[PDB]
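Participant: Have a peek at final-v7.pdb (PDB, C-alpha atoms (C1' of nucleotides) and all ligand atoms).
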ATOM      1  CA  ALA I   1    -118.593-125.997  80.704
ATOM      2  CA  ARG I   2    -120.993-123.293  81.854
ATOM      3  CA  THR I   3    -124.531-124.594  81.401
ATOM      4  CA  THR I   4    -126.201-121.201  81.064
ATOM      5  CA  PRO I   5    -124.495-117.982  79.911
ATOM      6  CA  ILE I   6    -123.909-115.409  82.618
ATOM      7  CA  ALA I   7    -126.228-113.004  80.806
ATOM      8  CA  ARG I   8    -128.976-115.601  81.287
ATOM      9  CA  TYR I   9    -128.650-115.433  85.075
ATOM     10  CA  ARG I  10    -131.057-113.617  87.385
ATOM     11  CA  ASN I  11    -130.462-113.469  91.136
ATOM     12  CA  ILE I  12    -133.704-112.156  92.636
ATOM     13  CA  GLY I  13    -135.309-111.743  96.052
ATOM     14  CA  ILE I  14    -138.956-111.739  97.119
ATOM     15  CA  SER I  15    -138.858-109.455 100.194
ATOM     16  CA  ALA I  16    -142.104-107.885 101.491
ATOM     17  CA  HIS I  17    -144.322-107.432 104.572
ATOM     18  CA  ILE I  18    -145.797-110.486 106.318
ATOM     19  CA  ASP I  19    -148.458-112.283 104.241
ATOM     20  CA  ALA I  20    -147.735-110.222 101.168
ATOM     21  CA  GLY I  21    -147.664-113.273  98.956
ATOM     22  CA  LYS I  22    -143.893-113.749  98.869
ATOM     23  CA  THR I  23    -143.989-117.496  99.467
ATOM     24  CA  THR I  24    -147.036-118.186  97.329
ATOM     25  CA  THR I  25    -145.537-116.394  94.388
ATOM     26  CA  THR I  26    -142.467-118.561  94.621
ATOM     27  CA  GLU I  27    -144.785-121.528  94.541
ATOM     28  CA  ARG I  28    -146.477-120.176  91.423
ATOM     29  CA  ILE I  29    -142.959-119.693  90.063
ATOM     30  CA  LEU I  30    -141.966-123.265  90.843
ATOM     31  CA  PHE I  31    -145.152-124.212  88.983
ATOM     32  CA  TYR I  32    -144.915-121.985  85.900
ATOM     33  CA  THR I  33    -141.306-123.032  85.399
ATOM     34  CA  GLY I  34    -142.334-126.692  85.654
ATOM     35  CA  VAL I  35    -139.905-127.384  88.497
ATOM     36  CA  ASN I  36    -142.803-128.331  90.831
ATOM     37  CA  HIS I  37    -145.820-130.465  89.902
ATOM     38  CA  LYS I  38    -148.371-129.020  92.343
ATOM     39  CA  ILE I  39    -149.122-125.350  92.958
ATOM     40  CA  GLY I  40    -149.567-125.743  96.716
ATOM     41  CA  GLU I  41    -150.638-123.288  99.444
ATOM     42  CA  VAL I  42    -149.149-122.087 102.735
ATOM     43  CA  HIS I  43    -152.135-122.476 105.074
ATOM     44  CA  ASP I  44    -152.259-126.113 104.080
ATOM     45  CA  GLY I  45    -148.559-126.281 104.965
ATOM     46  CA  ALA I  46    -148.007-127.441 101.409
ATOM     47  CA  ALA I  47    -145.466-124.797 100.391
ATOM     48  CA  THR I  48    -142.034-126.239  99.637
ATOM     49  CA  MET I  49    -140.078-123.162 100.600
ATOM     50  CA  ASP I  50    -141.319-123.449 104.145
ATOM     51  CA  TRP I  51    -139.517-126.728 104.874
ATOM     52  CA  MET I  52    -138.982-126.025 108.545
ATOM     53  CA  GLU I  53    -141.490-127.743 110.852
ATOM     54  CA  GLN I  54    -142.329-124.387 112.507
ATOM     55  CA  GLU I  55    -142.822-122.751 109.126
ATOM     56  CA  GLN I  56    -145.270-125.379 108.102
ATOM     57  CA  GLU I  57    -147.378-125.061 111.280
ATOM     58  CA  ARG I  58    -147.371-121.301 111.648
ATOM     59  CA  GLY I  59    -147.272-120.659 107.923
ATOM     60  CA  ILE I  60    -144.319-118.372 108.632
ATOM     61  CA  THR I  61    -141.099-118.371 106.729
ATOM     62  CA  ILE I  62    -138.475-118.209 109.426
ATOM     63  CA  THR I  63    -135.533-118.582 107.039
ATOM     64  CA  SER I  64    -134.579-117.502 103.492
ATOM     65  CA  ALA I  65    -134.588-120.320 101.064
ATOM     66  CA  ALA I  66    -132.957-120.152  97.672
ATOM     67  CA  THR I  67    -134.214-121.999  94.600
ATOM     68  CA  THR I  68    -133.641-121.676  90.843
ATOM     69  CA  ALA I  69    -135.841-122.206  87.830
ATOM     70  CA  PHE I  70    -135.778-121.935  84.043
ATOM     71  CA  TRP I  71    -138.317-119.507  82.647
ATOM     72  CA  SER I  72    -137.609-119.469  78.952
ATOM     73  CA  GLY I  73    -140.223-116.781  78.664
ATOM     74  CA  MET I  74    -144.022-116.519  78.493
ATOM     75  CA  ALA I  75    -143.831-117.246  74.763
ATOM     76  CA  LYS I  76    -140.617-119.269  74.995
ATOM     77  CA  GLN I  77    -139.167-116.008  73.735
ATOM     78  CA  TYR I  78    -135.786-116.500  75.326
ATOM     79  CA  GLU I  79    -133.563-119.492  75.873
ATOM     80  CA  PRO I  80    -134.186-120.634  79.421
ATOM     81  CA  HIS I  81    -132.885-118.174  81.982
ATOM     82  CA  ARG I  82    -131.840-119.539  85.371
ATOM     83  CA  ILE I  83    -133.595-117.327  87.874
ATOM     84  CA  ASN I  84    -132.006-117.704  91.319
ATOM     85  CA  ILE I  85    -134.826-116.621  93.714
ATOM     86  CA  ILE I  86    -134.003-116.116  97.412
ATOM     87  CA  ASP I  87    -137.400-116.071  99.160
ATOM     88  CA  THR I  88    -137.071-114.221 102.427
ATOM     89  CA  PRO I  89    -138.964-113.874 105.726
ATOM     90  CA  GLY I  90    -140.830-110.547 106.401
ATOM     91  CA  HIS I  91    -141.189-111.013 110.232
ATOM     92  CA  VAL I  92    -138.994-108.255 111.861
ATOM     93  CA  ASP I  93    -138.117-110.946 114.335
ATOM     94  CA  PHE I  94    -135.997-112.373 111.486
ATOM     95  CA  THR I  95    -134.389-109.355 109.882
ATOM     96  CA  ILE I  96    -130.911-110.739 109.427
ATOM     97  CA  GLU I  97    -132.430-113.374 107.165
ATOM     98  CA  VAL I  98    -133.529-110.742 104.688
ATOM     99  CA  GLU I  99    -130.261-108.696 104.968
ATOM    100  CA  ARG I 100    -127.982-111.785 105.140
ATOM    101  CA  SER I 101    -129.587-112.762 101.829
ATOM    102  CA  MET I 102    -129.904-109.176 100.424
ATOM    103  CA  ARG I 103    -126.237-108.323  99.920
ATOM    104  CA  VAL I 104    -125.781-111.445  97.710
ATOM    105  CA  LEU I 105    -128.855-111.003  95.455
ATOM    106  CA  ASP I 106    -128.398-108.826  92.359
ATOM    107  CA  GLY I 107    -132.021-107.581  92.098
ATOM    108  CA  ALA I 108    -135.160-107.380  94.222
ATOM    109  CA  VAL I 109    -138.819-108.164  93.505
ATOM    110  CA  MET I 110    -140.615-106.393  96.383
ATOM    111  CA  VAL I 111    -144.193-107.725  96.850
ATOM    112  CA  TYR I 112    -146.955-105.489  98.148
ATOM    113  CA  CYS I 113    -150.609-106.227  98.955
ATOM    114  CA  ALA I 114    -153.254-104.432  96.962
ATOM    115  CA  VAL I 115    -155.399-103.967 100.045
ATOM    116  CA  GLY I 116    -152.524-102.472 102.119
ATOM    117  CA  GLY I 117    -149.456-101.983  99.959
ATOM    118  CA  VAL I 118    -146.825-100.234 102.018
ATOM    119  CA  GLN I 119    -147.271-101.714 105.496
ATOM    120  CA  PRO I 120    -144.532-101.489 108.138
ATOM    121  CA  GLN I 121    -142.139-104.391 107.289
ATOM    122  CA  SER I 122    -142.387-103.181 103.702
ATOM    123  CA  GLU I 123    -140.671 -99.942 104.606
ATOM    124  CA  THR I 124    -138.187-101.957 106.669
ATOM    125  CA  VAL I 125    -137.099-104.097 103.725
ATOM    126  CA  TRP I 126    -137.089-101.082 101.417
ATOM    127  CA  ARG I 127    -134.513 -99.541 103.721
ATOM    128  CA  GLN I 128    -132.494-102.745 103.749
ATOM    129  CA  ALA I 129    -132.386-102.819  99.941
ATOM    130  CA  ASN I 130    -131.214 -99.225  99.778
ATOM    131  CA  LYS I 131    -128.137-100.073 101.968
ATOM    132  CA  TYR I 132    -127.114-102.911  99.601
ATOM    133  CA  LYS I 133    -128.500-100.662  96.752
ATOM    134  CA  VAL I 134    -130.386-103.455  94.911
ATOM    135  CA  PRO I 135    -132.099-102.135  91.761
ATOM    136  CA  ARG I 136    -135.813-103.062  92.368
ATOM    137  CA  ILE I 137    -139.081-103.987  90.557
ATOM    138  CA  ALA I 138    -142.363-104.636  92.345
ATOM    139  CA  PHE I 139    -145.223-107.148  92.299
ATOM    140  CA  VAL I 140    -148.471-105.880  93.905
TER     141      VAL I 140
ATOM    142  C1'   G S   1    -179.717-152.453 148.992
ATOM    143  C1'   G S   2    -180.312-148.647 153.500
ATOM    144  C1'   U S   3    -183.302-147.585 157.327
ATOM    145  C1'   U S   4    -185.460-148.891 162.500
ATOM    146  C1'   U S   5    -188.561-156.527 164.315
ATOM    147  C1'   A S   6    -187.669-161.324 165.943
ATOM    148  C1'   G S   7    -181.114-165.058 165.168
ATOM    149  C1'   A S   8    -175.734-164.298 165.923
ATOM    150  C1'   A S   9    -171.012-161.927 166.732
ATOM    151  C1'   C S  10    -167.392-157.955 167.619
ATOM    152  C1'   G S  11    -165.714-153.234 170.294
ATOM    153  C1'   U S  12    -167.560-150.540 174.236
ATOM    154  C1'   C S  13    -171.343-149.766 178.513
ATOM    155  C1'   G S  14    -173.667-152.487 182.583
ATOM    156  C1'   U S  15    -173.020-157.000 188.395
ATOM    157  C1'   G S  16    -176.894-158.503 185.221
ATOM    158  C1'   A S  17    -181.127-158.860 182.125
ATOM    159  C1'   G S  18    -179.675-156.148 178.093
ATOM    160  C1'   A S  19    -178.081-151.434 175.296
ATOM    161  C1'   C S  20    -175.104-148.124 171.632
ATOM    162  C1'   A S  21    -176.021-141.133 166.059
ATOM    163  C1'   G S  22    -171.126-148.182 166.575
ATOM    164  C1'   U S  23    -170.162-152.118 163.282
ATOM    165  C1'   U S  24    -171.133-156.793 161.070
ATOM    166  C1'   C S  25    -173.673-161.590 158.470
ATOM    167  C1'   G S  26    -179.257-163.182 157.664
ATOM    168  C1'   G S  27    -183.990-161.766 157.320
ATOM    169  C1'   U S  28    -192.431-162.767 153.900
ATOM    170  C1'   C S  29    -193.429-155.714 150.402
ATOM    171  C1'   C S  30    -201.187-158.115 149.770
ATOM    172  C1'   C S  31    -205.634-155.797 146.885
ATOM    173  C1'   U S  32    -209.991-158.835 140.610
ATOM    174  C1'   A S  33    -210.711-150.609 140.384
ATOM    175  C1'   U S  34    -217.200-148.711 142.305
ATOM    176  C1'   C S  35    -216.264-143.166 141.634
ATOM    177  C1'   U S  36    -213.019-139.201 139.745
ATOM    178  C1'   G S  37    -208.699-138.797 136.306
ATOM    179  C1'   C S  38    -206.572-140.619 131.887
ATOM    180  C1'   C S  39    -205.718-143.746 127.136
ATOM    181  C1'   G S  40    -208.641-146.026 123.557
ATOM    182  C1'   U S  41    -213.256-147.635 121.783
ATOM    183  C1'   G S  42    -218.395-148.061 120.863
ATOM    184  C1'   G S  43    -224.315-147.884 121.862
ATOM    185  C1'   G S  44    -228.585-143.855 122.496
ATOM    186  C1'   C S  45    -230.736-139.640 121.227
ATOM    187  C1'   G S  46    -230.081-135.014 119.322
ATOM    188  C1'   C S  47    -228.851-131.346 115.392
ATOM    189  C1'   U S  48    -236.897-130.738 113.525
ATOM    190  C1'   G S  49    -238.933-135.275 106.656
ATOM    191  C1'   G S  50    -235.581-139.579 105.901
ATOM    192  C1'   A S  51    -230.848-140.967 103.504
ATOM    193  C1'   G S  52    -225.600-141.300 101.070
ATOM    194  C1'   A S  53    -221.399-138.606 100.815
ATOM    195  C1'   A S  54    -217.843-134.527 100.492
ATOM    196  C1'   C S  55    -216.135-130.820 103.145
ATOM    197  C1'   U S  56    -215.529-125.845 106.123
ATOM    198  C1'   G S  57    -213.409-124.968 110.445
ATOM    199  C1'   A S  58    -214.332-122.737 116.191
ATOM    200  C1'   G S  59    -211.495-125.339 119.067
ATOM    201  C1'   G S  60    -207.558-129.254 120.845
ATOM    202  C1'   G S  61    -203.182-131.775 120.365
ATOM    203  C1'   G S  62    -198.344-133.223 118.115
ATOM    204  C1'   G S  63    -193.581-130.824 116.447
ATOM    205  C1'   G S  64    -189.979-126.876 117.681
ATOM    206  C1'   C S  65    -182.975-130.054 119.816
ATOM    207  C1'   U S  66    -178.192-129.547 118.057
ATOM    208  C1'   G S  67    -172.523-130.859 116.851
ATOM    209  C1'   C S  68    -168.641-131.111 113.503
ATOM    210  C1'   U S  69    -166.330-130.175 108.574
ATOM    211  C1'   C S  70    -165.890-127.175 104.341
ATOM    212  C1'   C S  71    -167.397-122.398 102.056
ATOM    213  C1'   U S  72    -167.314-116.977 102.612
ATOM    214  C1'   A S  73    -161.834-116.699 104.251
ATOM    215  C1'   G S  74    -156.352-116.852 106.010
ATOM    216  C1'   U S  75    -161.195-112.384 104.243
ATOM    217  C1'   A S  76    -162.395-108.336 108.805
ATOM    218  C1'   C S  77    -159.232-107.275 113.269
ATOM    219  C1'   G S  78    -154.210-107.406 114.286
ATOM    220  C1'   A S  79    -146.925-104.408 113.740
ATOM    221  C1'   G S  80    -147.033-109.412 114.171
ATOM    222  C1'   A S  81    -148.934-113.877 116.754
TER     223        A S  81
HETATM  224  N1  LIG M 201    -156.607-113.598  98.498
HETATM  225  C1  LIG M 201    -155.303-113.788  98.215
HETATM  226  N2  LIG M 201    -154.525-114.407  99.116
HETATM  227  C2  LIG M 201    -153.231-114.613  98.855
HETATM  228  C3  LIG M 201    -152.656-114.163  97.607
HETATM  229  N3  LIG M 201    -151.365-114.501  97.622
HETATM  230  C4  LIG M 201    -151.125-115.112  98.800
HETATM  231  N4  LIG M 201    -152.251-115.168  99.518
HETATM  232  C5  LIG M 201    -152.446-115.735 100.842
HETATM  233  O1  LIG M 201    -151.735-114.966 101.789
HETATM  234  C6  LIG M 201    -151.341-115.835 102.845
HETATM  235  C7  LIG M 201    -149.886-115.718 103.170
HETATM  236  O2  LIG M 201    -149.203-115.704 101.944
HETATM  237  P1  LIG M 201    -147.671-116.060 101.994
HETATM  238  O3  LIG M 201    -147.167-115.927 100.586
HETATM  239  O4  LIG M 201    -147.519-117.286 102.833
HETATM  240  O5  LIG M 201    -147.213-114.864 102.929
HETATM  241  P2  LIG M 201    -145.667-114.597 103.057
HETATM  242  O6  LIG M 201    -145.031-115.965 103.147
HETATM  243  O7  LIG M 201    -145.586-113.739 104.283
HETATM  244  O8  LIG M 201    -145.488-113.854 101.785
HETATM  245  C8  LIG M 201    -151.529-117.224 102.335
HETATM  246  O9  LIG M 201    -152.775-117.498 102.919
HETATM  247  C9  LIG M 201    -151.815-117.089 100.877
HETATM  248  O10 LIG M 201    -152.817-117.995 100.487
HETATM  249  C10 LIG M 201    -153.579-113.507  96.693
HETATM  250  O11 LIG M 201    -153.190-113.098  95.606
HETATM  251  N5  LIG M 201    -154.838-113.357  97.051
HETATM  252 MG    MG M 202    -150.767-116.779 109.756
HETATM  253 MG    MG M 203    -143.268-116.815 103.826
HETATM  254 MG    MG M 204    -182.299-155.160 154.135
HETATM  255 MG    MG M 205    -189.909-164.732 163.947
HETATM  256 MG    MG M 206    -181.265-159.752 168.672
HETATM  257 MG    MG M 207    -196.370-155.020 144.871
HETATM  258 MG    MG M 208    -200.818-124.822 117.224
HETATM  259 MG    MG M 209    -197.375-129.148 121.687
HETATM  260 MG    MG M 210    -158.829-120.536 104.830
HETATM  261 MG    MG M 211    -148.664-119.455 118.885
END
Take the structure in the file and give it back as structure tokens.
Facilitator:
Amino acid sequence: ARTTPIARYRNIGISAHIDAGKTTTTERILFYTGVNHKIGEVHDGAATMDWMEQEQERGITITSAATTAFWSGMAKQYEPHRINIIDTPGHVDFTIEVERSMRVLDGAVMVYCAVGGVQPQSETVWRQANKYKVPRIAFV
RNA sequence: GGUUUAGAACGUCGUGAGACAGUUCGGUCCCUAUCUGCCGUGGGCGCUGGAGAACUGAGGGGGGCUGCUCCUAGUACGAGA
């Protein structure tokens, strides 16, 4: 019946300020879980998550897209876990898209830039996570 | 080709010959370079015995243009765009 045990289920989000690396990291994820053959890049318009024509041209993610993957581990330590990743926009123009997605997700990976780190949308998403009380980790 | 010759016509002006910052069709453009100038190219003598060569370099000239793509770098700046 159930393909993967519920314990081997991660529902995660990638919310962060604009150009924090949220979309690129999902591409590196789709690469290091083998689900995507090419690493890709947003400026080239290559990123899969940005499927919308506008998102390709502007490089912006104007919608949240959800994808899943199986990362057994870095040493194949665990049986493959199905990570449900909901990549989100960080443009305050689209704020529902992060919150619409946020209640559903069980955990949050909040990206930050090493040059800037907390930048204004970053506080905005932090506040959103606190309202849905997602337990959080961070990728700088 | 135009402009302003001789032909012809139109509109207009004049009685007319003709004329018009009116138009229209047609209508012959010569010169073997003496001098300067310039581009090349030599002959003479000179540079202090004659010759063969290799140079130095005053000075003179030539040349000096730029696009696009990628890279730095989606980096600086920018809440973003
Ligand atoms: N230098 C550098 N650039 C990165 C890194 N991660 C992402 N980027 C660039 O940041 C820009 C925007 O990243 P993206 O993930 O589209 O931004 P987001 O969609 O707003 O998270 C893209 O040009 C990426 O190439 C990184 O680790 N280093
Ligand atoms: Mg951009
Ligand atoms: Mg994005
Ligand atoms: Mg003529
Ligand atoms: Mg005659
Ligand atoms: Mg006549
Ligand atoms: Mg002649
Ligand atoms: Mg010179
Ligand atoms: Mg010169
Ligand atoms: Mg670039
Ligand atoms: Mg625009």
Participant: For residue 23 of chain S, find every residue with an atom within 12 Å (counting all atoms listed in the file), except residues of its own chain fewer than 5 positions away, and show them as a list in words.
Facilitator: residues 9, 10, 11 and 12 of chain S
Participant: Would you list the residues that come within 12 Å of ligand MG 211 (chain M)? Count all atoms listed in the file and give the answer as a count of residues only.
Facilitator: 8
Participant: Near chain S, meaning an atom within 9 Å, which residues of chain I appear when counting all atoms listed in the file? Write them as an NGL selection string.
Facilitator: :I and (18 or 43 or 91-92 or 119-121)
Participant: At a cut-off of 9 Å, can you tabulate as CSV every residue of chain S near ligand MG 205 (chain M) together with its closest atom pair and the distance in Å to one decimal, using all atoms listed in the file and ordering rows by chain then number?
Facilitator:
residue,atom,partner,partner_atom,distance
S:5,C1',M:MG205,MG,8.3
S:6,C1',M:MG205,MG,4.5
S:7,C1',M:MG205,MG,8.9
Participant: Chain S near ligand MG 208 (chain M) within 12 Å: what's each residue's closest atom pair and its distance in Å to one decimal, counting all atoms listed in the file, ordered by chain then ascending residue number, as a tab-separated table?
Facilitator:
residue	atom	partner	partner_atom	distance
S:59	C1'	M:MG208	MG	10.8
S:60	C1'	M:MG208	MG	8.8
S:61	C1'	M:MG208	MG	8.0
S:62	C1'	M:MG208	MG	8.8
S:63	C1'	M:MG208	MG	9.4
S:64	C1'	M:MG208	MG	11.0
Participant: What gap, in Å, lies between atom CA of residue 97 of chain I and atom CA of residue 62 of chain I?
Facilitator: 8.1 Å
Participant: Can you tell me how far atom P1 of ligand LIG 201 (chain M) sits from atom CA of residue 20 of chain I, in Å to one decimal?
Facilitator: 5.9 Å
Participant: Interatomic distance between atom CA of residue 83 of chain I and atom CA of residue 69 of chain I?
Facilitator: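 Those two atoms sit 5.4 Å apart.
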Participant: Just the residues within 7 Å of residue 14 of chain I, please, counting all atoms listed in the file, with nothing from its chain fewer than 5 positions along; format it as a PyMOL selection string.
Facilitator: chain I and resi 22+86-88+108-111
Participant: Quick one: which residues end up in the PyMOL selection byres (((chain I and resi 41) around 10) and not hetatm) for this structure, as a VMD selection string?
Facilitator: chain I and resid 23 to 25 27 to 28 38 to 40 42 to 48 59
Participant: How would the residues just chosen look if you wrote them out with C-alpha atoms as a JSON list (two decimals), in the frame of the given file?
Facilitator:
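Result went into again.json, see below:
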[["chain", "number", "residue", "atom", "x", "y", "z"],
["I", 23, "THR", "CA", -143.99, -117.50, 99.47],
["I", 24, "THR", "CA", -147.04, -118.19, 97.33],
["I", 25, "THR", "CA", -145.54, -116.39, 94.39],
["I", 27, "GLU", "CA", -144.78, -121.53, 94.54],
["I", 28, "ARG", "CA", -146.48, -120.18, 91.42],
["I", 38, "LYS", "CA", -148.37, -129.02, 92.34],
["I", 39, "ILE", "CA", -149.12, -125.35, 92.96],
["I", 40, "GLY", "CA", -149.57, -125.74, 96.72],
["I", 42, "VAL", "CA", -149.15, -122.09, 102.74],
["I", 43, "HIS", "CA", -152.14, -122.48, 105.07],
["I", 44, "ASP", "CA", -152.26, -126.11, 104.08],
["I", 45, "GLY", "CA", -148.56, -126.28, 104.96],
["I", 46, "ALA", "CA", -148.01, -127.44, 101.41],
["I", 47, "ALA", "CA", -145.47, -124.80, 100.39],
["I", 48, "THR", "CA", -142.03, -126.24, 99.64],
["I", 59, "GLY", "CA", -147.27, -120.66, 107.92]]
Participant: Which residues are near residue 72 of chain I? Cut-off 12 Å, only C-alpha atoms (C1' of nucleotides), ignore same chain within fewer than 2 positions. Put them as a list in words.
Facilitator: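 Close residues of residue 72 of chain I: residues 4, 8, 9, 32, 33, 34, 69, 70, 74, 75, 76, 77, 78, 79, 80, 81, 82 and 83 of chain I.
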Participant: Using only C-alpha atoms (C1' of nucleotides) and all ligand atoms for the distances, tell me which of S:31, S:77, S:21, S:47 is nearest to ligand MG 207 (chain M).
Facilitator: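 Counting only C-alpha atoms (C1' of nucleotides) and all ligand atoms, the residue closest to ligand MG 207 (chain M) is S:31.
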Participant: Can you spell out as a list in words the set of residues that the PyMOL selection byres (((chain I and resi 112) around 8) and not hetatm) selects in the structure I just provided?
Facilitator: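 Selection result, ordered by chain and number: residues 16, 17, 20, 21, 110, 111, 113, 114, 116, 117, 118, 122, 138, 139 and 140 of chain I.
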Participant: Hey, can you pull every residue with an atom no more than 10 Å from (-132.7, -121.5, 101.1), using all atoms listed in the file, and send it as a PyMOL selection string?
Facilitator: chain I and resi 49-51+63-67+85-88+101
Participant: Report as number ranges by chain which protein, DNA and RNA residues come within 10 Å of ligand MG 204 (chain M), using all atoms listed in the file.
Facilitator: S: 1-3, 26-27
Participant: Pick out the closest residue to ligand MG 203 (chain M) from this set: I:35, I:134, I:96, I:52. Count all atoms listed in the file.
Facilitator: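 When distances to ligand MG 203 (chain M) are compared using all atoms listed in the file, the smallest one comes from I:52.
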Participant: Counting all atoms listed in the file, figure out which residue out of S:45, S:70, S:65, S:53 gets nearest to ligand MG 210 (chain M).
Facilitator: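 Using all atoms listed in the file, ligand MG 210 (chain M) sits closest to S:70.
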Participant: Determine the nearest neighbour of ligand MG 202 (chain M) from the options I:84, I:61, I:103, I:132, counting only C-alpha atoms and all ligand atoms.
Facilitator: I:61
Participant: Give the answer as one residue: which of S:57, S:78, S:16, S:49 has the shortest atom-to-atom distance to ligand MG 202 (chain M), using all atoms listed in the file?
Facilitator: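 Among S:57, S:78, S:16, S:49, it is S:78 that comes nearest to ligand MG 202 (chain M).
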